[PDB]
């Protein structure tokens, strides 16, 4: 396989999501959808009266539904959050300014997202492709929480005042904005709740936001496959433009990211409406891109298999990462998965490698790691594989309590 493309769509479910899903379905391709449930409540400032229909269609035709937070952090964009906030925030266009403030509350709007989904679609948890509890992406932020050793944050993703193009904008990578620092704590809170978060390698976006109908300038299918080619094995999350889209500290050649390209785009770019002739002009771009990427040797997959799901009969090499019932695991030795050797919290074949920082069972801890346990932070003094008898509060020799 030339490579595996993960085509992902943010900010639905809206009416245009239906057209996008139909094109994906026609071309035999599954997408990952990072949804904001406030479109179900009718307050997202889009064409969204068919949002519930769109949510159902994504579930019924096998796409992966993931968590993009209830209201896309726009409660942080305006004074008081209400039915008109999406409209108000679209009028100033200040989505990235003070986007993250109280990280505990901001992180909890990902939990609110799931409560709303389950109120509108009570059986949503009977769908195997519903990953609202396991997969998230932060609004505006090319930040990653994949494994204990695969993480990245965009340190310029949001600002305390100026936008990246406004004169006087500065991004000090080792003194980032308060909004960025808050978004980092949000990533960490979500990982401690079991989430993986995925950023993106390339953004399928209007290449001229200036003109009256910016959607029309969405990169042509052929040119965009050129960008996907360039993103392959080139650590594109750190080289992407503009500056607020970079992921900093990305572990460039890490094996879990090899031969993979995560594409970010938005259904609202494939709609005929306020942003231009998106449907009649960009929907054909999407269909053609799907066909020519397949023709070139690419394969399309969904973010739930980005970290391959463990399966009986598969072969693993020492160091391969899998995901098993939502938990990330690293292989201790080369082997062929047999049904009794599933990863677990006491398996000697697999260790837990969740990107979480709370003390966890069966983690291969290194000296210098820091874990959180019963509200306290502990430094790991001595490398060890954690186990239930070795909790930090008692193992005064393996761990040292901090602050």
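Definition used throughout: the rigid core is the maximal C-alpha set that superposes within 1.5 Å between two forms. Positions refer to the first chain, counted from 1.
Q: In 5 other deposited structures of this protein, superposed by the rigid core, which stretch departs further from the shown form in CA positions, 278-286 or 209-217?
A: Looking at 209-217 and 278-286 in 5 other deposited structures of this protein, the bigger mover is 209-217.
Q: Comparing C-alpha positions in 5 other deposited structures of this protein against this form, with the rigid core used for the fit, which stretch differs more, 290-298 or 164-172?
A: When 290-298 and 164-172 are compared in 5 other deposited structures of this protein, 164-172 lies farther out.
Q: Averaging C-alpha B-factors over each stretch, which comes out higher, 150-158 or 214-222?
A: Going by the record's values, the stretch with the higher mean is 214-222.
Q: With reference to the PDB entry, specify whether the mean Cα temperature factor is higher for 35-43 or for 354-362.
A: Higher of the two, by average CA B-factor, is 35-43.
Q: Considering only 83, 194, 103, 199, which residue's Cα atom bears the greatest B-factor as recorded?
A: That would be 83.
Q: Could you tell me which one of 130, 144, 209, 321 shows the highest CA temperature factor in the PDB record?
A: Top of the list by C-alpha B-factor: 209.
Q: Would you mind checking where the Cα B-factor of residue 58 ranks among the modelled residues of its chain, as the lowest, middle or highest third?
A: It falls in the middle third of the chain.
Q: Based on the entry's values, in what third of the chain does the Cα temperature factor of residue 51 lie: lowest, middle or highest?
A: Top third by C-alpha B-factor.
Q: Which third, lowest, middle or highest, does the CA B-factor of residue 95 fall in along this chain?
A: As the PDB entry reports it, the C-alpha B-factor of residue 95 lands in the highest third of its chain.
Q: Based on the deposited C-alpha B factors for this chain, I'd like to know if residue 166 is in the lowest, middle or highest third.
A: As the PDB entry reports it, the C-alpha B-factor of residue 166 lands in the highest third of its chain.
Q: Would you please rank residue 119 by its C-alpha temperature factor against the other modelled residues of its chain and give the third it falls in: lowest, middle or highest?
A: Its C-alpha B-factor belongs to the middle third of this chain's values.
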